[PDB]
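Novice: build me a model from this:
(2 chains, ligands or ions: 3)
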Number of protein chains: 2
Amino acid sequence: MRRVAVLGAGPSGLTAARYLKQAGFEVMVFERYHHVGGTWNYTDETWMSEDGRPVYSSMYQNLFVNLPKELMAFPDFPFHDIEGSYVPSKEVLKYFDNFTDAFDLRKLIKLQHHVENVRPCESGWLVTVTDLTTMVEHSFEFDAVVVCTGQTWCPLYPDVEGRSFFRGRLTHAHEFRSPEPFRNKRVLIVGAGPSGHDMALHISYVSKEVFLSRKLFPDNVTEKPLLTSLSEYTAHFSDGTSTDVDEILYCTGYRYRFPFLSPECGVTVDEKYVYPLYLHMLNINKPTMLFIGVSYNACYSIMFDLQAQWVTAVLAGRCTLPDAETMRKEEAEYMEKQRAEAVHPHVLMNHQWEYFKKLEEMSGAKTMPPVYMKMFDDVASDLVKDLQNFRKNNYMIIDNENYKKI
Amino acid sequence: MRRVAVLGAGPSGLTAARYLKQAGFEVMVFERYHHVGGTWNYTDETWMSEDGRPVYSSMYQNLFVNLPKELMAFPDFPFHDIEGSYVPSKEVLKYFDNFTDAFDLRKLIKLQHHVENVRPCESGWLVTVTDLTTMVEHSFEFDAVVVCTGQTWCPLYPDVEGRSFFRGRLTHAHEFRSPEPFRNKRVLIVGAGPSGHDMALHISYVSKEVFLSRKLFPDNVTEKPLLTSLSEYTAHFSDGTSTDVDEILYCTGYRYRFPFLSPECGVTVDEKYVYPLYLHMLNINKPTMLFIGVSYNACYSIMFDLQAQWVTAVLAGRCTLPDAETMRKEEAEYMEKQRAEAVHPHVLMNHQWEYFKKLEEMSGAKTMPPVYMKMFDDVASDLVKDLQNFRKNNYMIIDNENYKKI
Ligand SMILES: Cc1cc2nc3c(=O)[nH]c(=O)nc-3n(C[C@H](O)[C@H](O)[C@H](O)COP(=O)(O)OP(=O)(O)OC[C@H]3O[C@@H](n4cnc5c(N)ncnc54)[C@H](O)[C@@H]3O)c2cc1C
Ligand SMILES: Cc1cc2nc3c(=O)[nH]c(=O)nc-3n(C[C@H](O)[C@H](O)[C@H](O)COP(=O)(O)OP(=O)(O)OC[C@H]3O[C@@H](n4cnc5c(N)ncnc54)[C@H](O)[C@@H]3O)c2cc1C
Ligand SMILES: [Mg+2]
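Specialist: Numbering: from 1, shown residues only, chains lettered A, B, ... in the order given. Ligands and ions are numbered 1, 2, ... in the order given. Here you go, the structure:
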């Protein structure tokens, strides 16, 4: 166990590379874009790039973070000193470029390399990639592979009665880049929890009327219950109401999609479920393949930090895992409990802190500063509770235990 | 029986109007567009019009007819003097504009009136329509309703495995207006029979490569067998081949859609089946509602002409219909035979001349000049046998029995 492939140089991939490199592995990171940082990169491009491969970023113009920069930074790599907690996206991109440079990761990253296929070979892995600058295909052999390609690029559209009758413009959150196409339009946003809050707000500034449909806002945003059918130009809702709309915008999230995974990798990828994974990371069938960033709805800084340290510990043999039968059993029990609590398989929100404590114990990682939990539990929901104003709040962490509002 | 509603002022509607007027009925024709002629009207608009209602035209730029004008003219209303048998679409539009004036129909037609709802009331019908120039909703009462709203506007897309993963541009024939968005693109056209021939030809003139997939063409049109799956930017075919494409164009036809029909009208509308209809026209459940132009794949001039005369004859009490029981029996047997011949419910192609003869006998219509059958049987398929060149052929009807190529 020496040569490890990292697939993706977004936050997940970058974190993995730091820990794997520190642990003495020979790391190679493949990234299709020309810049690290994942979806924090903004591009005018959507769906497919002119370079011939998908656009993976769903970033849009003028986005600000929905969590204070103080909680988005890794505990041992603070954000650059810039005024304000709720920074524009470019500051987060800058953060990951610095992070990459700080840990001497850049030399490990093959930019504009699009991973096309991954398959088991002997006990290791064969990774096939295209160098998009030459269009030459390259194959590389590795002892382990860490999949960090994200899950905010392949859109999910929930089925709705009559959807195929609708004649207005239908788009997904993935391709949202600016509110301009929605100017003076009657817009229905189909959302889930907080998924459509920010886009509703952005669109409210240019559109005639916004309808936010889900199973606080500006005056021209009208909340609606569940969308129940569509007709040619009209939306019908669970309350028996209906409204005419020119545009429908699905803020209905994404599905897992890992096109490069050959069936022999032993991973089954369904819309909301990737299996069989232990702790959302380890491929139970082929345990030298691991994923970072499959789990979601959590304090991501800590999640990335810990999953990278856990993956690293497993590959270095410092973490001894239960046998496969036990891992399948624990996974099975975990997933039954997800269903009982009515959340999707890889959603961490209800138990993230306990999950992180487990990762800490198994990986040998430094314990997380409790202030992350206190601050997160206090402010994470502010988007849904004080959408128009929460980003004016500024915070400063005082010590390992406490923070304050400025 | 005095007041008759005609829904639509395309060829079906106009033709109906002519005979209904002739028979002395009080006819009111509703047409959402500002010009008669139906699908023969070209508009840059697609899907939804800025006027707030659907766009029903699927006409594209630089279209020429696929059947000689001699077969497109009604037997008793010859085409205006124009050089060439295969005329541009605007000459067909001109033909129906002239027809409308020649028969003094224009006065009957409420243009820019969009039919919103039709429902039975007492013994007659209540028709709800919007005057799009005022956005005022108007109600009208009728003793009978003739539905002529067409069926080339509501697209049909066949499911294909992986369609949801495709990230290229996916469009339907309905929204095709010019080949320009396909310039320098790799284009897959998904077709059935002749459905994608003309569009393949149009696009071939501008694109890098055109692939025509179906269950003689220009050099850059490559025929492919059935499309079996899609991925991000690649199409996969039944022959085990794969091709990367930027664009998919669905030439997969349409489905029946009559949104204004309340369930009480007694008609069930499925994708390829409208029921219960006698001879593709009469609503067996509510026999004062009739349809013209539900049947298709036939010599359309004769079909419109005879169906209009038949509908008029029924409404005038001159056509003796079987009782409802017999009509249901004949419909069921007819539909059973359609399945056996492997054609969709309303496809006339295998038996149109016999069907036309039956309409003639029942309605008292003038017998069709046999030359229509002889010529149609000779030239209708020239589109698929000599696509690039068939439109250079010119014809002349000599008499009711003979024609010659010029
Ligand atoms: C619109 C939006 C707003 C958000 N706002 C916030 C916020 O305010 N705060 C917050 O904490 N989180 C936010 N997030 C979530 C945050 O973006 C993710 O948590 C984080 O970026 C996940 O990082 P990742 O490395 O797992 O995935 P990504 O950042 O998506 O990176 C995946 C990487 O893999 C690369 N890649 C993918 N496929 C291939 C391939 N075949 N070959 C080579 N490379 C490949 C991509 O180029 C990309 O660089 C937001 C997400 C979105 C979509
Ligand atoms: C791309 C294309 C090429 C074709 N080429 C040929 C050819 O070469 N030769 C040939 O013989 N045939 C051709 N056809 C078929 C031809 O267009 C039809 O056979 C003919 O137009 C059908 O006439 P129709 O009146 O039944 O329907 P349409 O022509 O579609 O007319 C329907 C009318 O109803 C109106 N309408 C619909 N709903 C409403 C509502 N709710 N309220 C008010 N008005 C409404 C529409 O505006 C329209 O004016 C072609 C069709 C297409 C799509
Ligand atoms: Mg006769």
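Novice: any chance you could map the strands in the stretch 301-406 of chain A?
Specialist: A:395-397, A:403-405 (DSSP state E, counting those that start in this stretch).
Novice: ok, now the stretch 151-300 of chain A?
Specialist: Using DSSP E, counting those that start in this stretch, the strands found in the stretch 151-300 of chain A span residues A:169-172, A:186-191, A:209-213, A:221-224, A:227-230, A:234-237, A:242-244, A:247-251, A:268-269, A:274-275, A:277-278, A:282-283, A:289-291.
Novice: what lies in contact with the fourth one?
Specialist: Contacts with strand A:221-224, where a contact means Cβ atoms under 8 Å, 6 or more residues apart in numbering or on different chains, come from A:188, A:200-201, A:204, A:209-214, A:217, A:235, A:237, A:239, A:241, A:243. Bear in mind the C-beta positions are built from the backbone N, C-alpha and C, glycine included.
Novice: list the buried residues in that strand.
Specialist: Buried residues in strand A:221-224, defined by neighbour count with 16 or more other Cβ atoms under 10 Å in any protein chain shown: A:221, A:224.
Novice: now do the helices in the stretch 101-250 of chain A.
Specialist: Per DSSP state H, counting those that start in this stretch, the stretch 101-250 of chain A carries helices over the ranges A:197-204.
Novice: quick one: contacts for whichever residue of it sits closest to chain B?
Specialist: Residue nearest to chain B within the stretch 101-250 of chain A: residue A:167 (4.4 Å; Cβ to the nearest Cβ). Shown in contact with residue A:167 (Cβ under 8 Å, 6+ apart): A:232, A:233, B:47, B:48, B:54, B:55.
Novice: if we go to 6 Å?
Specialist: A:232, A:233, B:47, B:48, B:54 (Cβ atoms under 6 Å, 6 or more residues apart in numbering or on different chains).
Novice: again, but for residue A:204
Specialist: By Cβ under 6 Å, 6+ apart, the residues touching residue A:204 are A:210, A:218, A:220, A:221.
Novice: so the closest residue to it other than its chain neighbours versus residue A:200, what's the distance?
Specialist: Nearest-residue entry for residue A:204: residue A:218, 4.5 Å, with adjacent residues in sequence omitted and distances by Cβ to Cβ, 6 or more residues apart in numbering or on different chains. Distance, residue A:218 to residue A:200, by Cβ to Cβ, to the nearest Å: 8 Å.
Novice: who's more crowded, the two?
Specialist: residue A:200 (26 against 13; other Cβ atoms under 10 Å in any protein chain shown).
Novice: wait, the more buried one sits on residue A:189?
Specialist: Yes. Counting by Cβ atoms under 6 Å, residue A:200 does reach residue A:189; the two are 5.4 Å apart.
Novice: what sits in contact with each of the two?
Specialist: By Cβ under 6 Å, 6+ apart, residue A:200 and residue A:189 have these common neighbours: residue A:212.
Novice: tell me how chain A divides into domains.
Specialist: A:1-158+A:252-406, A:159-251 (curated CATH domains).
Novice: and the ones you listed as TSV, adding distance to ligand 2?
Specialist: Compiled in TSV, the domains of chain A are given as follows (distance: least, Cβ to the nearest ligand atom, whole Å):
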stretch	distance to ligand 2
domain A:1-158+A:252-406	27
domain A:159-251	10
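Novice: just send these back as TSV, with distance to residue B:276 too.
Specialist: Shown next, in TSV, are the domains of chain A (distance: least, Cβ to Cβ, whole Å):
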stretch	distance to residue B:276
domain A:1-158+A:252-406	35
domain A:159-251	23
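Novice: sorry, back to before: which of the strands of the stretch 301-406 of chain A sits closest to residue B:261?
Specialist: Nearest of these to residue B:261, taken as Cβ to Cβ: strand A:395-397 at 59.8 Å.
Novice: ok, residues contacting the closest one?
Specialist: With Cβ under 6 Å, 6+ apart, strand A:395-397 has contacts from A:68, A:70, A:85, A:371, A:403, A:404, A:405, A:406.
Novice: closest one to ligand 1 out of the residues you listed, please.
Specialist: Of all the contacts of strand A:395-397, the one sitting nearest ligand 1 is residue A:68; the distance, using Cβ to the nearest ligand atom, is 9.4 Å.
Novice: in three-state terms, label the nearest residue to that closest one once chain neighbours are set aside for me.
Specialist: For residue A:68, ignoring the flanking residues on the chain, the nearest one in space by Cβ to Cβ, 6+ apart is residue A:85 at 3.7 Å. Using DSSP: H, G, I helix; E, B strand; the rest coil, the three-state assignment for residue A:85 comes out as coil.
Novice: and for the one 5 residues further on?
Specialist: Counting by three-state DSSP, the backbone at residue A:90 sits in helix.
Novice: excluding its backbone neighbours, what's nearest it?
Specialist: Closest residue to residue A:90 apart from its sequence neighbours, by Cβ to Cβ, 6+ apart: residue A:42 at 7.7 Å.
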